[PDB]
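With TSV, C-alpha atoms and all ligand atoms inside, this is query_2.tsv:
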```tsv
chain	number	residue	atom	x	y	z
N	83	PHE	CA	-33.61	-11.79	12.63
N	84	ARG	CA	-30.03	-13.14	12.77
N	85	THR	CA	-28.97	-16.63	13.73
N	86	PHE	CA	-25.46	-17.36	15.20
N	87	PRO	CA	-22.56	-18.95	13.16
N	88	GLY	CA	-22.83	-22.63	12.28
N	89	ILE	CA	-26.24	-22.44	13.96
N	90	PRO	CA	-25.50	-23.53	17.55
N	91	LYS	CA	-28.88	-24.90	18.37
N	92	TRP	CA	-30.04	-26.93	21.18
N	93	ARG	CA	-30.38	-30.51	19.86
N	94	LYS	CA	-33.25	-31.15	22.25
N	95	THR	CA	-36.63	-29.59	23.03
N	96	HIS	CA	-36.63	-29.76	26.82
N	97	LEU	CA	-34.22	-27.40	28.56
N	98	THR	CA	-33.48	-26.91	32.22
N	99	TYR	CA	-32.79	-23.68	34.01
N	100	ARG	CA	-31.44	-22.81	37.45
N	101	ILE	CA	-31.41	-19.52	39.31
N	102	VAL	CA	-28.01	-19.64	41.08
N	103	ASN	CA	-28.24	-16.50	43.18
N	104	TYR	CA	-30.43	-13.51	43.94
N	105	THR	CA	-30.03	-9.74	43.67
N	106	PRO	CA	-30.46	-7.50	46.71
N	107	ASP	CA	-32.55	-5.20	44.45
N	108	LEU	CA	-35.78	-7.29	44.48
N	109	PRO	CA	-37.76	-9.79	46.45
N	110	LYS	CA	-36.76	-13.34	45.43
N	111	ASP	CA	-40.30	-14.02	44.14
N	112	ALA	CA	-39.94	-11.11	41.68
N	113	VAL	CA	-36.75	-12.58	40.25
N	114	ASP	CA	-38.39	-15.98	39.84
N	115	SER	CA	-41.47	-14.44	38.21
N	116	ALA	CA	-39.47	-12.37	35.79
N	117	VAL	CA	-37.42	-15.42	34.77
N	118	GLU	CA	-40.50	-17.63	34.40
N	119	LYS	CA	-42.15	-14.98	32.29
N	120	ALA	CA	-39.13	-14.50	30.11
N	121	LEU	CA	-39.03	-18.25	29.39
N	122	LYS	CA	-42.76	-18.30	28.60
N	123	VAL	CA	-42.24	-15.66	25.89
N	124	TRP	CA	-40.21	-18.18	23.88
N	125	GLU	CA	-42.07	-21.34	24.93
N	126	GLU	CA	-45.34	-19.92	23.56
N	127	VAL	CA	-44.01	-19.74	20.01
N	128	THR	CA	-41.92	-22.95	19.71
N	129	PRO	CA	-42.00	-26.59	20.81
N	130	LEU	CA	-39.44	-25.76	23.55
N	131	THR	CA	-40.23	-26.68	27.14
N	132	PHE	CA	-38.50	-25.76	30.36
N	133	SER	CA	-38.16	-27.07	33.87
N	134	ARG	CA	-36.30	-25.82	36.95
N	135	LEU	CA	-33.39	-27.33	38.92
N	136	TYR	CA	-32.08	-26.34	42.34
N	137	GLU	CA	-28.83	-28.31	42.20
N	138	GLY	CA	-26.55	-29.65	39.51
N	139	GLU	CA	-25.86	-28.03	36.15
N	140	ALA	CA	-28.99	-26.91	34.35
N	141	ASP	CA	-28.73	-26.06	30.64
N	142	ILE	CA	-29.33	-22.39	31.41
N	143	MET	CA	-27.54	-21.31	34.56
N	144	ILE	CA	-28.75	-17.85	35.62
N	145	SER	CA	-26.86	-15.55	37.97
N	146	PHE	CA	-26.22	-11.99	39.07
N	147	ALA	CA	-22.66	-10.72	39.01
N	148	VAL	CA	-20.44	-7.65	39.11
N	149	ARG	CA	-17.09	-6.86	37.44
N	150	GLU	CA	-14.95	-10.02	37.28
N	151	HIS	CA	-17.18	-13.00	37.93
N	152	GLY	CA	-15.53	-16.19	36.70
N	153	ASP	CA	-15.51	-15.77	32.92
N	154	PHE	CA	-13.43	-13.70	30.48
N	155	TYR	CA	-16.05	-10.97	30.18
N	156	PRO	CA	-16.16	-8.84	33.30
N	157	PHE	CA	-19.13	-6.56	33.74
N	158	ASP	CA	-18.62	-2.75	33.50
N	159	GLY	CA	-20.30	-1.05	36.45
N	160	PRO	CA	-23.54	0.98	36.27
N	161	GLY	CA	-25.25	1.19	32.90
N	162	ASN	CA	-24.00	0.18	29.48
N	163	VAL	CA	-23.72	-3.64	29.44
N	164	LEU	CA	-26.72	-4.81	31.48
N	165	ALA	CA	-26.31	-8.62	31.10
N	166	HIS	CA	-24.83	-11.18	28.74
N	167	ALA	CA	-25.60	-14.73	27.66
N	168	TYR	CA	-23.86	-17.52	25.75
N	169	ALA	CA	-25.21	-19.32	22.66
N	170	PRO	CA	-26.43	-22.96	22.92
N	171	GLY	CA	-24.06	-25.70	23.97
N	172	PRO	CA	-22.56	-27.45	27.02
N	173	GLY	CA	-21.08	-25.90	30.17
N	174	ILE	CA	-21.00	-22.13	30.16
N	175	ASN	CA	-22.89	-22.17	26.86
N	176	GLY	CA	-26.54	-21.22	27.28
N	177	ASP	CA	-25.79	-19.45	30.56
N	178	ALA	CA	-27.05	-15.96	31.41
N	179	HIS	CA	-25.36	-13.38	33.65
N	180	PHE	CA	-26.95	-10.15	34.91
N	181	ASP	CA	-24.94	-7.10	36.01
N	182	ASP	CA	-25.88	-6.29	39.62
N	183	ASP	CA	-24.44	-2.80	39.22
N	184	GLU	CA	-27.81	-2.17	37.55
N	185	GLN	CA	-30.87	-1.60	39.71
N	186	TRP	CA	-33.20	-4.45	38.68
N	187	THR	CA	-36.90	-3.56	38.81
N	188	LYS	CA	-40.28	-5.13	38.22
N	189	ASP	CA	-41.36	-1.94	36.39
N	190	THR	CA	-39.51	0.70	34.31
N	191	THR	CA	-38.03	2.76	37.21
N	192	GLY	CA	-34.66	1.00	36.83
N	193	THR	CA	-33.56	-1.77	34.48
N	194	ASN	CA	-36.54	-4.10	33.90
N	195	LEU	CA	-35.50	-7.64	34.79
N	196	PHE	CA	-38.24	-9.35	32.70
N	197	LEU	CA	-37.33	-7.49	29.51
N	198	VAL	CA	-33.60	-8.02	29.80
N	199	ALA	CA	-34.08	-11.66	30.78
N	200	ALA	CA	-36.35	-12.22	27.78
N	201	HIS	CA	-33.72	-10.73	25.52
N	202	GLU	CA	-30.82	-12.69	27.05
N	203	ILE	CA	-32.73	-15.93	26.85
N	204	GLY	CA	-33.11	-15.22	23.16
N	205	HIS	CA	-29.31	-15.38	23.05
N	206	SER	CA	-29.26	-18.57	25.14
N	207	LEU	CA	-31.50	-20.11	22.49
N	208	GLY	CA	-29.34	-19.09	19.54
N	209	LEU	CA	-30.67	-15.73	18.35
N	210	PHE	CA	-28.31	-12.82	17.66
N	211	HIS	CA	-29.12	-9.13	17.23
N	212	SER	CA	-31.99	-8.02	14.95
N	213	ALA	CA	-32.00	-4.94	12.72
N	214	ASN	CA	-35.71	-4.42	13.36
N	215	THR	CA	-36.07	-1.63	15.92
N	216	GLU	CA	-39.25	-3.12	17.30
N	217	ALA	CA	-37.81	-6.58	17.91
N	218	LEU	CA	-36.96	-7.95	21.36
N	219	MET	CA	-33.56	-8.96	19.89
N	220	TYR	CA	-32.79	-5.41	18.75
N	221	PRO	CA	-29.80	-4.24	20.85
N	222	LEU	CA	-31.86	-1.37	22.01
N	223	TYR	CA	-34.80	-2.55	24.08
N	224	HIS	CA	-35.78	0.39	26.25
N	228	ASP	CA	-45.26	0.43	28.51
N	229	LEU	CA	-44.68	-3.10	29.70
N	230	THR	CA	-48.44	-3.31	29.21
N	231	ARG	CA	-47.74	-2.98	25.53
N	232	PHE	CA	-44.98	-5.56	25.29
N	233	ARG	CA	-45.40	-8.06	22.43
N	234	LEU	CA	-42.88	-10.39	20.81
N	235	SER	CA	-42.32	-9.06	17.26
N	236	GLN	CA	-42.98	-11.17	14.17
N	237	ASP	CA	-39.27	-10.83	13.51
N	238	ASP	CA	-38.40	-12.55	16.79
N	239	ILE	CA	-40.98	-15.29	16.11
N	240	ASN	CA	-39.58	-15.79	12.60
N	241	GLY	CA	-36.06	-16.09	14.00
N	242	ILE	CA	-36.83	-18.47	16.82
N	243	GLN	CA	-39.04	-20.68	14.58
N	244	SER	CA	-36.32	-20.85	11.95
N	245	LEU	CA	-34.39	-22.70	14.56
N	246	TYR	CA	-36.99	-24.73	16.42
N	247	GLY	CA	-40.18	-24.61	14.37
N	248	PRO	CA	-43.71	-23.53	15.44
N	249	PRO	CA	-45.66	-25.01	18.39
N	250	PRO	CA	-46.69	-28.69	17.92
N	251	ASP	CA	-50.49	-28.48	17.92
N	301	CA	CA	-23.31	-2.43	33.53
N	302	CA	CA	-24.90	-23.92	30.31
N	303	CA	CA	-28.10	-4.11	41.91
N	304	ZN	ZN	-20.44	-13.42	32.58
N	305	ZN	ZN	-28.31	-8.68	23.11
```

Please render this file's structure as structure tokens.
Ligand SMILES: [Ca+2]
Ligand SMILES: [Ca+2]
Ligand SMILES: [Ca+2]
Ligand SMILES: [Zn+2]
Ligand SMILES: [Zn+2]
Amino acid sequence: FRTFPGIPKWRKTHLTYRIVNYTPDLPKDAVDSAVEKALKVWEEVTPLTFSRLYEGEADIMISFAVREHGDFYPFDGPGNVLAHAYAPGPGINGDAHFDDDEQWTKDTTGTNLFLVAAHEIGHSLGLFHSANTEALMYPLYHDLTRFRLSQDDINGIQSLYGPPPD
């Protein structure tokens, strides 16, 4: 695992998230489910907890976007960069953006929303890219049935937030 410079870490254990918009690619319930599942991946192995907001600024603002979208890092069309997320902190920090020029799917027929979300949330929590090819934080993620957080990812996230309480 790799942890970001000067260890930007959330100073608190409870984080809020907000799904700002929805992709035409999928039913809204599929987007919500994929996000909830992605958050659970990290919650299960740390003391972190999450709750959802429908207004105001949540810690983790989640949105779909294309090309120029209000930050200095425009998306690049179909393929290549699939999404991006900012390290812990206020405002844009912690936020996650998903490139709608990808075809988001609940399975592996396009770009799997759950898997990419899980990876990006890793960034939102302070993890950087792993060298372990089997890690969720390896740049190169993609049998969803056989998905399992790697010990490397668990080691990395616990180095920041510790193991579950009890
Ligand atoms: Ca792209
Ligand atoms: Ca934020
Ligand atoms: Ca799309
Ligand atoms: Zn962006
Ligand atoms: Zn990444």

Exercise: residue N:215 partners within 12 Å, all atoms listed in the file, chain neighbours under 4 positions left out, as a ChimeraX atom specification: /N:83,211,219-224,235-238

Top pick for closest residue to residue N:234, considering N:158, N:189, N:125, N:139 and counting only C-alpha atoms: N:125

Top pick for closest residue to ligand CA 301 (chain N), considering N:168, N:196, N:232, N:157 and counting all atoms listed in the file: N:157

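Using only C-alpha atoms and all ligand atoms for every distance, the candidate list N:246, N:150, N:228, N:201 yields N:201 as the residue closest to ligand ZN 305 (chain N).
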
Could you make a table, as a Markdown table, of the residues of chain N that have an atom within 10 Å of an atom of ligand CA 302 (chain N), each with its nearest atom pair and distance in Å to one decimal, counting all atoms listed in the file, in chain and number order?
```
| residue | atom | partner | partner_atom | distance |
| --- | --- | --- | --- | --- |
| N:98 | CA | N:CA302 | CA | 9.3 |
| N:99 | CA | N:CA302 | CA | 8.7 |
| N:100 | CA | N:CA302 | CA | 9.7 |
| N:139 | CA | N:CA302 | CA | 7.2 |
| N:140 | CA | N:CA302 | CA | 6.5 |
| N:141 | CA | N:CA302 | CA | 4.4 |
| N:142 | CA | N:CA302 | CA | 4.8 |
| N:143 | CA | N:CA302 | CA | 5.6 |
| N:144 | CA | N:CA302 | CA | 8.9 |
| N:167 | CA | N:CA302 | CA | 9.6 |
| N:168 | CA | N:CA302 | CA | 7.9 |
| N:169 | CA | N:CA302 | CA | 8.9 |
| N:170 | CA | N:CA302 | CA | 7.6 |
| N:171 | CA | N:CA302 | CA | 6.6 |
| N:172 | CA | N:CA302 | CA | 5.4 |
| N:173 | CA | N:CA302 | CA | 4.3 |
| N:174 | CA | N:CA302 | CA | 4.3 |
| N:175 | CA | N:CA302 | CA | 4.4 |
| N:176 | CA | N:CA302 | CA | 4.4 |
| N:177 | CA | N:CA302 | CA | 4.6 |
| N:178 | CA | N:CA302 | CA | 8.3 |
| N:206 | CA | N:CA302 | CA | 8.6 |
```

Among listed residues N:126, N:137, N:202, N:183, nearest residue N:101 (using all atoms listed in the file):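 Of N:126, N:137, N:202, N:183, the one nearest residue N:101 is N:137, counting all atoms listed in the file.
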
Which of N:210, N:180, N:86, N:155 sits closest to residue N:117 [using all atoms listed in the file]: N:180

Between atom CA of residue N:164 and atom CA of residue N:218, distance in Å (one decimal):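 Those two atoms sit 14.7 Å apart.
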
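With distances restricted to only C-alpha atoms and all ligand atoms, N:208 is the closest residue to ligand ZN 305 (chain N) from N:109, N:160, N:88, N:208.
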
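The binding environment of ligand CA 303 (chain N), defined as every protein, DNA or RNA residue with an atom no more than 6 Å away and counting all atoms listed in the file, comprises residues 107, 182, 183, 184 and 185 of chain N.
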
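Going from atom CA of residue N:190 to atom CA of residue N:119 covers 16.0 Å.
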
Å distance separating atom CA of residue N:207 from atom CA of residue N:242, one decimal place: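 Calculated distance between atom CA of residue N:207 and atom CA of residue N:242 is 8.0 Å.
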
Let me have the centre and edge lengths in Å, one decimal, of the box along x, y and z around every listed atom of stretch 205-217 of chain N with 4 Å of margin on each side, as JSON.
```
{"center_x": -33.8, "center_y": -10.9, "center_z": 18.9, "size_x": 18.9, "size_y": 26.5, "size_z": 20.4}
```
